[PDB]
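**Q** Attaching a single structure in structure tokens format; questions to follow.
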Amino acid sequence: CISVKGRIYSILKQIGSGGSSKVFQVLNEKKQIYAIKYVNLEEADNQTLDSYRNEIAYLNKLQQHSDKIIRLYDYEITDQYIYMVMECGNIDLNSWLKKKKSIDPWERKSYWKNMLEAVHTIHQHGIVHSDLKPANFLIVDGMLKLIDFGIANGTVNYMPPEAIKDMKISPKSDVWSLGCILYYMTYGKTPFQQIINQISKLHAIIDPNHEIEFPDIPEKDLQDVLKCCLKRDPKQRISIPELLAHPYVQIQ
Ligand SMILES: COc1cc(S(C)(=O)=O)ccc1Nc1nc2ccc(-c3ccc(NC(=O)[C@H](C)c4ccc(F)cc4)cc3)cn2n1
Ligand SMILES: [Cl-]
């Protein structure tokens with residue numbers, strides 16, 4: 001059992017395991033299920049501490065706004081630890097993408113509508129996630145949900161081109177990454193999943209004369225979204241507001 005704000009939660013099991021953190025499935029007093037995230041601050045430098053405070057502040061704040069942000073029922077913070085008590089998932093996306101070989105199309109689209117609402121609402125509060133990946137979303141009553149904001153602190157397929165020339169972050173960056181996910185969700189893999197040598201996989205992402213391949217398919221709209229989501233020049237890439245009005249999410 002765990003105590004947050006003098007409330008007892010019988011642990012049912014581990015679900016998540018970071019270096020300094022855990023996620024637990026958990027029964028409350030009335031034996032309703034919840035996920036609780038534990039973070040251990042014992043070893044946490046001052047920025048890492050501010051990053052946590054910020055992510056939490058912003059996750060706290062976007063409760064009102066969107067059911068597509070992971071619900072957060074309560075939290076405690078202390079110099080030693082953090083507990084966050086949250087609605088409990090079925091499974092993350094990275095998980096659910098690996099097993100599924102064949103995806104119903106009215107359900108891929110429902111999930112895409114869900115990703116757009118979520119990322120739309122963080123863009124409206126000046127949050128660019130800057131590292132979107134399926135890990136960052138969670139299925140919850142068949143509804144897809146964002147669980148973090150890329151503020152707090154090993155795949156590389158979802159990385160947008162402009163990211164690689166950091167070496168300035170516009171919400172377009174997120175659109176690329178949502179792209180990369182949607183691509184996997186229709187062509188069973190990410191765009192640069194074939195190019196295993198990483199030094200060159202980076203070179204492919206930035207190269208305009210390199211051509212991402214979009215197999216012709218039944219939903220032409222969906223083919224259009226992916227091409228528009230994966231334009232290298234971010235000012236030519238399609239905005240979240242644009243994507244929300246695209247036939248693909250609009251035509252029934
Ligand atoms: C059976 O349940 C399952 C099973 C399987 S599995 C093993 O089948 O793949 C998989 C999943 C579930 N459920 C589940 N439910 C929930 C609810 C909430 C979250 C959740 C919410 C927010 C965060 N936030 C953060 O990690 C960020 C980085 C953060 C936030 C605050 C900080 F101070 C520091 C960092 C992270 C996780 C995760 N899960 N996961
Ligand atoms: Cl509660």
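Ligands are numbered from 1 in the order shown, residues from 1 within each chain, and chains are lettered A, B, ... in the order they appear in the structure tokens.
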Excluding same-chain residues fewer than 3 positions from residue A:227, what lies within 10 Å of it counting only C-alpha atoms, as a PyMOL selection string?

**A** chain A and resi 176+179+183+212-214+222-224+230-232+237-238

**Q** Kindly export the residues of the current selection with N, CA, C and O atoms, as a compact mmCIF listing (two decimals), in the first residue's frame.

**A**
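Ended up saving to selection.txt:
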# COMPACT_ATOMS: atom_id res chain seq x y z
N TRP A 176 4.93 16.69 -37.78
CA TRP A 176 5.86 15.67 -38.33
C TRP A 176 5.70 14.37 -37.55
O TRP A 176 5.36 13.34 -38.16
N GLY A 179 2.54 12.71 -37.86
CA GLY A 179 2.74 12.07 -39.17
C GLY A 179 3.35 10.68 -39.00
O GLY A 179 2.64 9.66 -39.30
N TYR A 183 1.70 7.18 -40.36
CA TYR A 183 2.47 6.34 -41.32
C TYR A 183 2.63 4.91 -40.79
O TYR A 183 2.15 3.96 -41.45
N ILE A 212 10.31 10.02 -49.50
CA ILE A 212 9.51 9.09 -48.65
C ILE A 212 8.48 8.46 -49.58
O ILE A 212 7.94 9.18 -50.45
N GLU A 213 8.22 7.16 -49.40
CA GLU A 213 7.39 6.35 -50.32
C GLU A 213 5.98 6.19 -49.71
O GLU A 213 5.87 5.66 -48.59
N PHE A 214 4.95 6.65 -50.41
CA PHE A 214 3.53 6.49 -50.00
C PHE A 214 2.82 5.56 -50.98
O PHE A 214 2.26 5.98 -51.99
N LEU A 222 -6.39 9.94 -46.35
CA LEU A 222 -5.29 9.45 -45.47
C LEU A 222 -3.93 9.57 -46.18
O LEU A 222 -2.97 10.01 -45.52
N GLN A 223 -3.81 9.20 -47.46
CA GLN A 223 -2.51 9.31 -48.18
C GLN A 223 -2.11 10.79 -48.23
O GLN A 223 -0.91 11.09 -48.03
N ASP A 224 -3.08 11.67 -48.45
CA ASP A 224 -2.84 13.13 -48.55
C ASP A 224 -2.34 13.65 -47.18
O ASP A 224 -1.28 14.31 -47.16
N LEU A 230 4.29 15.14 -43.59
CA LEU A 230 5.73 14.77 -43.69
C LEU A 230 6.48 15.66 -44.70
O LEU A 230 7.55 15.22 -45.18
N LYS A 231 6.03 16.89 -44.95
CA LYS A 231 6.77 17.86 -45.79
C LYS A 231 7.96 18.36 -44.97
O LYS A 231 7.75 18.74 -43.83
N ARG A 232 9.18 18.32 -45.51
CA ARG A 232 10.43 18.65 -44.77
C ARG A 232 10.40 20.11 -44.32
O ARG A 232 10.72 20.35 -43.16
N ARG A 237 4.58 22.36 -44.29
CA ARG A 237 3.82 21.37 -43.48
C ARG A 237 2.46 21.93 -43.07
O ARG A 237 2.29 23.16 -42.96
N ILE A 238 1.53 21.03 -42.79
CA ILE A 238 0.10 21.34 -42.51
C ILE A 238 -0.08 21.62 -41.01
O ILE A 238 0.51 20.91 -40.17

**Q** Give me the residues near stretch 86-99 of chain A as a PyMOL selection string, where near means some atom within 9 Å (using only C-alpha atoms) and where sequence neighbours in that chain fewer than 5 positions away do not count.

**A** chain A and resi 25-26+33-37+70-75+133-142+144+184-185+188

**Q** Report the distance between atom CA of residue A:111 and atom CA of residue A:158 in Å, rounded to one decimal place.

**A** 17.3 Å

**Q** If you run DSSP on the backbone, which residues of stretch 26-59 of chain A are strand (DSSP E or B), as a ChimeraX atom specification?

**A** /A:26-27,33-40

**Q** With only C-alpha atoms as the counted atoms, please give the residues lying no more than 8 Å from stretch 47-58 of chain A, apart from itself and same-chain residues fewer than 4 positions off, as a PyMOL selection string.

**A** chain A and resi 41+62+148-153

**Q** Atoms to include: N, CA and C atoms. Write the selected residues as a PDB file, in the first residue's frame.

**A**
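Below is the file out18.pdb, written as the result:
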ATOM      1  N   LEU A  41      12.929  11.989  -5.570  1.00  0.00           N
ATOM      2  CA  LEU A  41      13.623  13.286  -5.774  1.00  0.00           C
ATOM      3  C   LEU A  41      14.969  13.307  -5.050  1.00  0.00           C
ATOM      4  N   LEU A  62      -4.432  21.596 -17.593  1.00  0.00           N
ATOM      5  CA  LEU A  62      -5.198  21.158 -18.794  1.00  0.00           C
ATOM      6  C   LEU A  62      -6.159  20.007 -18.444  1.00  0.00           C
ATOM      7  N   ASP A 148       1.912  13.122 -21.116  1.00  0.00           N
ATOM      8  CA  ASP A 148       3.024  14.049 -20.791  1.00  0.00           C
ATOM      9  C   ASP A 148       3.264  15.075 -21.915  1.00  0.00           C
ATOM     10  N   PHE A 149       4.086  16.079 -21.605  1.00  0.00           N
ATOM     11  CA  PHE A 149       4.221  17.332 -22.370  1.00  0.00           C
ATOM     12  C   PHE A 149       5.663  17.541 -22.825  1.00  0.00           C
ATOM     13  N   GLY A 150       6.531  16.559 -22.639  1.00  0.00           N
ATOM     14  CA  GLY A 150       7.940  16.670 -23.074  1.00  0.00           C
ATOM     15  C   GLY A 150       8.712  17.743 -22.311  1.00  0.00           C
ATOM     16  N   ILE A 151       8.197  18.173 -21.154  1.00  0.00           N
ATOM     17  CA  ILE A 151       8.823  19.214 -20.293  1.00  0.00           C
ATOM     18  C   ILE A 151       9.757  18.542 -19.271  1.00  0.00           C
ATOM     19  N   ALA A 152       9.219  17.711 -18.378  1.00  0.00           N
ATOM     20  CA  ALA A 152       9.990  16.867 -17.433  1.00  0.00           C
ATOM     21  C   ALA A 152      11.006  16.021 -18.209  1.00  0.00           C
ATOM     22  N   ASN A 153      11.974  15.415 -17.517  1.00  0.00           N
ATOM     23  CA  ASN A 153      13.137  14.759 -18.178  1.00  0.00           C
ATOM     24  C   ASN A 153      13.435  13.423 -17.482  1.00  0.00           C
TER      25      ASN A 153
END

**Q** Quick one: pick out all alpha helix (DSSP H) residues within stretch 121-193 of chain A from a backbone DSSP run and write them as a list in words.

**A**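 Of stretch 121-193 of chain A, only residues 121, 122, 123, 161, 162, 163, 164, 172, 173, 174, 175, 176, 177, 178, 179, 180, 181, 182, 183, 184, 185, 186 and 187 of chain A fall in alpha helix (DSSP H).
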
**Q** Find the residues near residue A:203: any atom within 12 Å, counting only C-alpha atoms, skip ones fewer than 6 places away on the same chain, and give them as a count of residues only.

**A** 9

**Q** As an exercise, work out the distance from atom CA of residue A:239 to atom CA of residue A:120 in Å and give it to one decimal place.

**A**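 Between atom CA of residue A:239 and atom CA of residue A:120 the gap works out to 9.5 Å.
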
**Q** I'd like the neighbourhood of residue A:39 as a list in words, where a residue qualifies if any of its atoms comes within 10 Å (using only C-alpha atoms), though same-chain residues fewer than 6 positions away should be ignored.

**A**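 Residues meeting the cut-off are residues 18, 19, 20, 21, 22, 23, 52, 77, 80, 81, 82, 83 and 84 of chain A.
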
**Q** Can I get the selected residues back with N, CA and C atoms, as a CSV table (one decimal), in the first residue's frame?

**A**
chain,number,residue,atom,x,y,z
A,18,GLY,N,10.7,3.6,-14.6
A,18,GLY,CA,11.8,4.4,-14.9
A,18,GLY,C,13.0,4.2,-13.9
A,19,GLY,N,14.1,4.9,-14.1
A,19,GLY,CA,15.3,4.9,-13.2
A,19,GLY,C,14.9,5.4,-11.8
A,20,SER,N,14.2,6.6,-11.7
A,20,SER,CA,13.9,7.2,-10.4
A,20,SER,C,12.4,7.1,-10.1
A,21,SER,N,11.6,6.3,-10.9
A,21,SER,CA,10.1,6.4,-10.9
A,21,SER,C,9.5,5.0,-11.1
A,22,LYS,N,8.2,4.9,-10.8
A,22,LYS,CA,7.4,3.7,-10.9
A,22,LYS,C,6.0,4.2,-11.3
A,23,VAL,N,5.2,3.4,-12.0
A,23,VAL,CA,3.7,3.5,-12.2
A,23,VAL,C,3.1,2.2,-11.6
A,52,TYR,N,9.9,18.9,-13.4
A,52,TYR,CA,8.8,18.1,-12.8
A,52,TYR,C,7.7,19.1,-12.4
A,77,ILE,N,3.6,16.6,-3.5
A,77,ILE,CA,5.0,16.8,-3.8
A,77,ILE,C,5.6,17.3,-2.5
A,80,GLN,N,11.4,14.9,-1.0
A,80,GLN,CA,11.8,13.5,-1.2
A,80,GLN,C,11.2,12.9,-2.4
A,81,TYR,N,9.9,13.0,-2.5
A,81,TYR,CA,9.1,12.3,-3.6
A,81,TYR,C,8.0,13.1,-4.2
A,82,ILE,N,7.5,12.5,-5.3
A,82,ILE,CA,6.1,12.9,-6.0
A,82,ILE,C,5.3,11.6,-6.1
A,83,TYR,N,4.0,11.7,-5.7
A,83,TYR,CA,2.9,10.8,-6.1
A,83,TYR,C,1.9,11.6,-7.0
A,84,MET,N,1.5,11.0,-8.1
A,84,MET,CA,0.4,11.5,-9.0
A,84,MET,C,-0.6,10.4,-9.2
